[PDB]
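A single chain, nothing else alongside it, follows as structure tokens in the form deposited in one PDB entry.
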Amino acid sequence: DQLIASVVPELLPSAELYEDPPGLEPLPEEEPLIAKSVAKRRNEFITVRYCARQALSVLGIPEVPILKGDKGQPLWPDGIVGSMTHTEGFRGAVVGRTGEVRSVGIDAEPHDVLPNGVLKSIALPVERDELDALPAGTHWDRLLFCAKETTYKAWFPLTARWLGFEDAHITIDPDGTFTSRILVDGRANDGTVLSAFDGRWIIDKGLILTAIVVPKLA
């Protein structure tokens, strides 16, 4: 029934909460990151890390702070990859072991039309044509946006480089899959090359959730 579990493999534990339950707290090492933050930001940060620590516990990893790096990226324990996302109505996290997957990214968005002007900023001309050809009944613009954000989250842990919206062509299939084709140099930190990702998506509870797993090499 959970959205993330529906779009990632079983060997990546996930956890999600739709509200901020009363009484949660950051770990002491995390408090400085939100010390001067408004309540909505404090809450999404605290609740998502509760979810992340629940999922880490399934992998056998005990309570640990999840700090942020220079580009905002979550800093996981050695040997762990993961992703976190929050929007109104959703906090969720997924983690996995580097011996079992290379990278994971997720992103949750409300299932609504994009704000005025956003599609023109984030979509390639060809993508706009492709979305207009998809079947009526789904906010394909928001899905494309969500999928591109997930593409960056799966890419960054492997490359330590920026990926702009114009740097990848995402093709959405109505069947709950998508692909991301990288249009820039795909050199990865370990010397391999990234060229394309396979993604999964689900719409439920008024939300879009997209996920990419970069699988283990053969």
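In case it trips you up, residue 1 is the first one in the sequence shown, and so on.
Missing here is the form deposited with a partner chain bound; even so, the following discussion is about that form.
- Comparing 51 to 59, 181 to 189, 33 to 41, 168 to 176 against the partner chain in the entry with it bound, the single stretch with non-hydrogen atoms within 4.5 angstroms of it is 33 to 41.
- In the entry with it bound, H111 stays away from the partner chain, with no heavy atom inside 4.5 Å.
- Contact between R142 and the partner chain in the entry with it bound is found at the 4.5 Å heavy atom cutoff.
- The closest heavy atom approach of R97 to the partner chain in the entry with it bound falls outside 4.5 Å.
- Heavy atoms of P135 never reach within 4.5 Å of the partner chain in the entry with it bound, leaving it off the interface.
- A single residue from the set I122, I80, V101, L131 has any heavy atom within 4.5 angstroms of the partner chain in the entry with it bound; that residue is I122.
- Here the marked residues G117, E149 and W162 all reach the partner chain in the entry with it bound, each with a heavy atom within 4.5 angstroms.
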